[PDB]
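Trainee: Just passing along the structure, written as structure tokens.
Bear in mind that the values in this text are calculations on the coordinates, not laboratory data. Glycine gets a Cβ as well: all are built from the backbone with ideal geometry, and neighbour counts include every protein chain shown.
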Ligand SMILES: [Ca+2]
């Protein structure tokens, strides 16, 4: 178990080059101590010991030289070596490696073994001091033995004696007249004189080829005797490759059972199917049924049987089916291989059929068989994800990989999109001009990706958008229960036309381009992560607000992420904005490489036009999802981030996450540092709409608003202070000039706001002579160094401005060693008065006086606790009225002719968005505690924090645990609303009348929540989620290619243009059917131009001429891989045609099923070799694999390709299956060379890969460390 009980909550300190550990108590630690799972030791002075042994109790414990952690070592004790484990026990009969990477083996007495030894059946050598010889020869006994580099085990090896290679075996004896290897893995042959042989050699009646170096060449084809010869993969022995290796002659399969097992009918009646095609788990209606295994009786429509009882795609599958069903008690357990004769396999299928009919009679059911078939099917690579090339790079990380659907009118016309499906039309690639680069958008994200490039689908997205912005009017005839603005989810993963469609809709219906008051009545945001999206959005007129990741990113590097090494606060300034960082001169740099922060705040007087934006520190999807899961992983609750977790599992993890977040130590493993300081900056910045995350205010798990966070009071104060004081111009500075700090420099950031009409440091009074400014403005000081101590001389200054000369200021918020104090009003806080120039001066030590109460002492000291790791001071002017409001109302006048919607100014800055949900909330324990019920009772609270818009979670009904194939995502099983089946169901009752809330409550709860926010003068934001939809219940057959997030075919995939069963069709009787397209006709009549205006990506306008009441594949770009297999849709290998039964004039079935004679096997004729598949058809223009694993290609004429004498064996193949195109090497018996070198008629050597294709223009490596190069023309330079 444990040598010492663990301790937590104490910091490590370093004194005089040594680590000390100080307890939670504040006590220095001596002796052996398990601290946070690591066993460590401190001597009597309290210093930590590293790379030395210490004696505690009966244990001799070594501690590591880097970490000081207890680990195994060997100590020379008195005269002798003795091994020790991590717990300090002398080891017996065990290997141990010491500090220097040497290995000993200690015996029963603890004494190391010396000399030659056999251990666990391994021969090893030890030097006279007991050390293990590794990676060298050694003359023990008469003999000479080589010992392996890591194991130290005896192995054959070669060395160069004099000038000639010699071979040494495992026993240390030289090798004479035999094959022997070397450590690398090369085989040589050594003659009677000991000397290695070269070239072509015949020994023991067999011929081997040794190259110039003497290496035995296996799986090597070439013309050695002026006649072809292929050298074996097993032993390298030469075969003439004249003998055919296929073991299956042409045989007829028809017999007495064929007419009985044939299909009753060739159509959808007698065959289970998808769009006419058949699947591996298809059941069919045979003409007759061998009831009970005795008597054949005509079948009744309900007597369905599995196709795999009677037919198989190939012999391998047949043999596997037989072996699998056998193991389940259905007959003699059989070891069948593809090599087993076809007659034998078919006979064995029938004894299994008989047994099947017996267990059907015995059980009076077929469900046991459904489960047996289903299980067997998943076993086969062609019918599972093994042929789907699961990958996790990029967005594939979420669900394991994507399939892009194709326009294929010949095979899958229902699924044809009518030449739509333009992928990756993100803002920067809206016109496809970056399709060949990484600037093509990652169109595929999650689930079923909707084709937003299709005009018809674009119209439907507008219908949905109308439905949300009139939700209340339509669903409750309540014109006060309507959403006011939107958030556009996943901007970079959809067609950017949607932004224009949304923008123009808002223009038409609300005149958002007419005034700031109209625009700001419908606050709308974008989830737009690309670093070039801000500038796009601004070119297109800011119809929705861009995020400002530049500021969120800098919070990450300078405050929020990591215990120690953080970027300086200097980086917030982006001094590069000005030429030569001339803060003195302030000349703007007109021509920089598109870099830096979106809005400069060094001296922002409102004089330069800037891009309007929202900003945040954290989000429901930023710094939440990963930490919450890392916490679960760290405590063994789940293994992987994509792992499925239950709600209970989430709750347990959440308890650790909370413990870490509130940790008094001040260290955070999963959670973010300095959130209060980050909000202090977020909430005082000019030219932004800040957004506040629910999960920084309340705890992210459990019930909605169940418990506030420790940050709540500080952030609540900042929010109320923002209403009272935050207006006017801004400045921002740091006691720093770059990455590195000079002697006095603290790297403390100073951010100031001046008051309503005050735009600069030196401005003394407003132009309009308003006095509002005097009691407004704010001062913020922040640091990222919890070990910050000022020099005695040093002074830190807030330039509150020449509009605030001689004024008294009081603290709103001040940090200290146990927390951050919050001062709710002037009387309770320390005051400090500004000088003649308007500066508040601060020293290492300060003596502040309260306005009436007392004298206060306060040090400018970095602190470390749960609320901060650094410094935070905020100061406000005393004398602020109780109802003082510094905000600017938005003006109804047409201020701008620029065409733009949003404008960054004091009015827009007066808004605050509250993102009011967390993805990790628990499900409501009762209807009364549902989020939207709570929001209604609590609307008041947010009015007083200055929230002007409430961003509600997506209200769409969760797809839940439903999972038709593939990886489920956390959105779905956590019911957060981002994963949904029905876009229009926002919590309606079941059709039987029973309640059916979402995670957030019923549809009435939502309308009440929205109204309540309007009664308190707040807007409601709808989450618009056009990228995807989950768990569609209806199957269709699509043509699919395996693709990465950008829709580019994976480099090494056979999955190209294959038929696949996907879940793409909606129920048709859901709320998408009720409300789909219903509002478009009214909209076209009222606002024609929306439907006549051309969209950029398509050159076309949106098309409301077709309505979408039911989703189906034709409106989709693709899906995450569904784990069904590349050939779950059944196909004949010979002709490559897929089976179908939809229309009687174009039926294709295996011939057995139509009571015709199916012949199968290889048959020679005067012209060449032919092959017939199990379904009875001739192989033409296709690759075919025999029962022994050999591959062949059959040409257009139906003949196996084979090399002729004196002619080039390399052939260029062009097939119906395009992926297989390439240069192949076929032997005289037609076998394809794979994973090996092949000589042409002229002596040039080429290499052919795992699948037989020639490899060109690359270096190729070998298991024995041999390197070769292949030229562009294919030849091997080597
Ligand atoms: Ca997409």
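Trainee: Using label points projected 7 Å from each Cα along Cα→Cβ, tell me how many nm separate residue 250 and residue 1275, to one decimal.
Mentor: 4.4
Trainee: Work out, step by step, the length gained on full extension between residue 177 and residue 414: first 0.36 nm times the residue separation, then minus their alpha carbon distance; give nm to one decimal.
Mentor: Result: 78.3 nm gained on full extension.
Trainee: Between residue 1146 and residue 529, 0.36 nm times their residue separation minus their Cα-Cα distance comes to what?
Mentor: On the way: separation 617, 0.36 × 617 = 222.12 nm, distance 5.01 nm.
The span from residue 1146 to residue 529 would gain 217.1 nm if fully extended.
Trainee: Next question, about the same structure. Give me the one-decimal nm value for the distance between modelled label points at residue 344 and residue 361, 7 Å along each residue's Cα-to-Cβ direction.
Mentor: Once both label points are built, they end up 3.0 nm from each other.
Trainee: What ranking do 389, 827 get, fewest neighbouring Cβ atoms within 10 angstrom at the top?
Mentor: Lowest to highest Cβ neighbour count: 827, 389.
Trainee: Which FRET efficiency, nearest 0.05, do residue 770 and residue 1015 yield, Cβ-Cβ r, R0 22 Å?
Mentor: Values: r = 31 Å, r/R0 = 1.42.
Using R0 = 22 Å, I get an efficiency of 0.10.
Trainee: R0 = 35 Å: FRET efficiency of residue 138 with residue 1258, Cβ-based, nearest 0.05?
Mentor: 0.30
Trainee: Hey, could you pull the Cα Rg and Dmax for the range 343-411, both in Å?
Mentor: 19.3, 53
Trainee: So what's the gap between the Cα centers of the range 263-282 and the range 562-595, to the nearest angstrom?
Mentor: 68
Trainee: Could you give the C-alpha radius of gyration of the range 295-424 expressed as a fraction of 2.2 N^0.38 Å, taking N as the number of residues it contains?
Mentor: Against the compact-globule rule of thumb, the ratio is 1.43.
Trainee: While we're on this one: Rounded to whole Å and sorted largest first, what semi-axes of the equivalent ellipsoid does the C-alpha gyration tensor of the range 177-248 yield via the square root of 5 times each eigenvalue?
Mentor: 24, 13, 11
Trainee: Taking Cα centroids, how far is the range 1052-1130 from the range 977-1028 in Å?
Mentor: Centre-to-centre distance over Cα atoms comes out at 23 Å.
Trainee: Based on the Cβ-Cβ distance of residue 267 and residue 1048, what FRET efficiency does E = 1/(1 + (r/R0)^6) give at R0 = 25 Å, to the nearest 0.05?
Mentor: Plugging the Cβ-Cβ distance into 1/(1 + (r/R0)^6) gives 0.05.
Trainee: Any idea what the relative contact order of the range 728-808 is, in percent, if you count C-alpha pairs under 8 Å spaced at least 6 apart?
Mentor: Details: 137 pairs, mean separation 26.9, N = 81.
Relative contact order here is 33 percent.
Trainee: Restricting things to Cα coordinates, could you compute the convex hull volume per residue of the range 606-724 in Å³? It would help to have the intermediate numbers written out before the result.
Mentor: Details: hull volume 15.0 nm³, N = 119.
Roughly 126 Å³ of hull volume per residue.
Trainee: What is the spin-label model distance, in nm, from residue 1250 to residue 586 if the labels are put 7 Å beyond Cα along the C-beta direction?
Mentor: Computed distance between label sites residue 1250 and residue 586 equals 6.4 nm.
Trainee: I've got another one for you. For 1202, 1007, what ranking results if the residue with the fewest other Cβ atoms within 10 Å of its Cβ goes first?
Mentor: Exposure proxy ranking, most exposed first: 1202, 1007.
Trainee: Now a separate question. To make sure I understand, if each residue's beta carbon is the centre and we count other beta carbons within 10 Å, what order do 76, 868 fall in, fewest to most?
Mentor: Ascending number of Cβ neighbours within 10 Å: 76, 868.
Trainee: Out of all Cα-Cα pairs in the range 1-71, roughly what percent, to the nearest whole number, are more than 19 Å apart?
Mentor: The answer is 25 percent, as a whole percent.
Trainee: Still on this structure: Report Rg/Rh for the range 3-130, rounded to two decimals, where Rg is the Cα radius of gyration and Rh the Kirkwood radius.
Mentor: When Rh is taken as the Kirkwood radius, the ratio is 1.08.
Trainee: May I ask you to compute the full-extension gain from residue 195 to residue 621, defined as 0.36 nm times their residue separation minus their alpha-carbon distance, rounded to one decimal in nm?
Mentor: 146.4 nm
Trainee: Would you calculate, for the chain, the mean residue ellipticity at 222 nm contributed by helices, counting each DSSP H stretch of 4 or more residues as -39,500 (n - 2.57) and dividing by all residues, to the nearest 500?
Mentor: -4500 deg cm²/dmol
Trainee: In addition: Which whole number of Å³ per residue matches the convex hull of the alpha-carbon atoms in the chain?
Mentor: 253
Trainee: Pairs of alpha-carbon atoms within less than 8 angstrom and 6+ residues apart define the contacts here; what relative contact order does the chain have, in percent?
Mentor: Once normalised by length, the contact order is 12 percent.
Trainee: Over the range 213-280, consider all pairs of different Cα atoms and compute the Kirkwood hydrodynamic radius from their mean reciprocal separation; express it in Å, one decimal.
Mentor: 17.4
Trainee: Between the alpha-carbon centers of the range 762-786 and the range 619-637, tell me the distance in whole angstrom.
Mentor: Rounded to whole Å, the Cα centres lie 40 Å apart.
Trainee: Something else: Given a cut-off of under 8 Å on Cα pairs at least six residues apart, what relative contact order in percent is computed for the range 113-197? Don't jump to the answer; show the numbers that get you there.
Mentor: Numbers: 190 pairs, mean separation 15.1, N = 85.
Rounded, it is 18 percent for the range 113-197.
Trainee: Right, next: Give me the three principal axis extents of the range 113-197 from the C-alpha atoms, as integers in angstrom, largest value leading.
Mentor: Computed over the range 113-197, the largest-to-smallest principal extents equal 39, 23, 20 Å.
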